[PDB]
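Below is one structure, written out as structure tokens; comments come after it.
Start at 1 and go down the list; that is how both ligands and their atoms are numbered. The first residue in the sequence is number 1, and the count goes up from there. Values below: all heavy atoms of this structure, side chains included; hydrogens, waters and symmetry mates excluded.
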Amino acid sequence: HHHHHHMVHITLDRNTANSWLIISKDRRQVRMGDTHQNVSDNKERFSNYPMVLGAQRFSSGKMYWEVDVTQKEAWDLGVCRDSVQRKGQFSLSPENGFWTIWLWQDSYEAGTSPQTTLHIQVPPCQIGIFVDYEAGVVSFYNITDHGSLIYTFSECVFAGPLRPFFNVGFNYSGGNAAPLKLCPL
Ligand SMILES: Cc1nnc(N2CCCCC2)s1
């Protein structure tokens, strides 16, 4: 892929974060805390899952960013509609306004409904995410394996502004404490 030149600087929006998340001062890293992080509740916060949005909203153009997933057991990454549901239980699907992939229990899947098995020979330490708004495309790349394609959502119906989407995952196992990090351009 030659999408690197559409690189955008993503920062995390504290106001959308689950109340257990800890975002770094530079707003480029997020991890699950061991308790409530002493913030007030608001209608933006994801209540049921350790999720947060990027501050940036995209309604046109081509955008690229990279996320570090080193030593994590579980995570979700991608984009979502600005108007996705925040409270209660929901599935990650395009019908619900999400275009995502995840790791959980030693397998990688795309967030279609129902979900799709991914075929990854080299476990990624960094993921590239490419959005072509006009084309209706969201693609995921394995930076660790020379930028190899993971998955393409095509014929996407975004139906609104898009926001970068993150889930650091739970840490029931004690093996998933590591952060998600937005990698430098
Ligand atoms: C002013 C505000 N508007 N909505 C708020 N909520 C507090 C958290 C639960 C949902 C209701 S704060």
Keeping the roles fixed (side chain from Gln37, backbone from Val39), state whether a donor-acceptor pair exists under 3.5 Å. no

N/O donor-acceptor pairs under 3.5 Å from side chains in residues 116-129, not counting sequence neighbours:
| from | atom 1 | to | atom 2 | distance (Å) |
| --- | --- | --- | --- | --- |
| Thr116 | OG1 | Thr112 | OG1 | 2.7 |
| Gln126 | NE2 | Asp68 | OD2 | 3.1 |

Output side-chain donor-acceptor pairs under 3.5 Å for residues 164-172, partner residues at least two apart or in another chain, one line each.
| from | atom 1 | to | atom 2 | distance (Å) |
| --- | --- | --- | --- | --- |
| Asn167 | OD1 | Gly169 | N | 2.9 |
| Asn167 | ND2 | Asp76 | OD2 | 2.7 |
| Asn171 | OD1 | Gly174 | N | 3.1 |
| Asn171 | OD1 | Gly175 | N | 3.3 |
| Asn171 | OD1 | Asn176 | N | 2.9 |

Could you walk me through whether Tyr151 and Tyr108 pass the ring pair (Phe, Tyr, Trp, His ring centres under 6.0 Å) check? CA-CA 10 Å; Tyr151 195 77; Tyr108 299 94; over 10 Å; no

For residues 154-163, which side-chain donor-acceptor pairs fall under 3.5 Å, sequence neighbours excluded?
| from | atom 1 | to | atom 2 | distance (Å) |
| --- | --- | --- | --- | --- |
| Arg163 | NE | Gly54 | O | 3.0 |
| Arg163 | NH2 | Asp13 | OD2 | 2.9 |
| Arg163 | NH2 | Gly54 | O | 2.9 |

Please output the residues near ligand 1 using a strict heavy-atom distance under 4.0 Å, listed in chain and residue-number order. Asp41

Short side-chain to backbone donor-acceptor contact, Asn42 and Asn15, under 3.5 Å: yes

